[PDB]
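Protein chains: 2
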Amino acid sequence: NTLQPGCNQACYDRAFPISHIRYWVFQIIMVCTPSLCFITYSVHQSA
Amino acid sequence: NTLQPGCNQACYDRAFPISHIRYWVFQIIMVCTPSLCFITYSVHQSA
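First to last, the sequence lines map onto chains F and L.
Positions 56 to 102 (the authors' numbering) are the ones given, in order, by the first sequence.
Positions 56 to 102 (the authors' numbering) are the ones given, in order, by the second sequence.
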């Protein structure tokens with residue numbers, strides 16, 4: 056509720072510094088990373 | 056600086072409850088009133 060140009064962008068950025076979806080995607084990939092490490096180690100071990 | 060309807064009216068009313076021009080006109084007429092009273096009394100006294 057304002058007429059100031061650029062206030063919407065600043066207020067949105069302050070309210071939601073990181074979108075929930077981005078954080079959840081990052082979390083999912085990170086938690087899956089150890090499994091990928093294990094699979095790569097298993098593949099490298101065989102031949 | 057707002058998008059709220061009716062904020063301009065309320066804020067102008069609060070900032071300037073009475074316009075300067077209206078106050079000055081009222082002051083001028085009131086200060087001239089005693090002279091009008093004297094002139095009317097003089098006219099009535101004569102016949």
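Just so you know, even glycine gets a beta-carbon here, dropped at the ideal spot from N, CA and C.
Look at the Cβ atom of residue i, then the Cβ atom of residue j, and state whether they are nearer than 8 angstroms.
| i | j | result |
| --- | --- | --- |
| residue 57(F) | residue 58(L) | yes |
For the alpha helix (DSSP H) that residue i lies in, which residues bound it at each end?
| i | result |
| --- | --- |
| residue 58(F) | Unbroken run through residue 58(F): none, as it is neither H nor E. |
| residue 90(F) | 75 to 100 |
Item checked: Validate contact between the stretch 56 to 76 of chain F and the stretch 58 to 72 of chain L using beta carbons, cut 8 angstroms, 3 pairs -> yes
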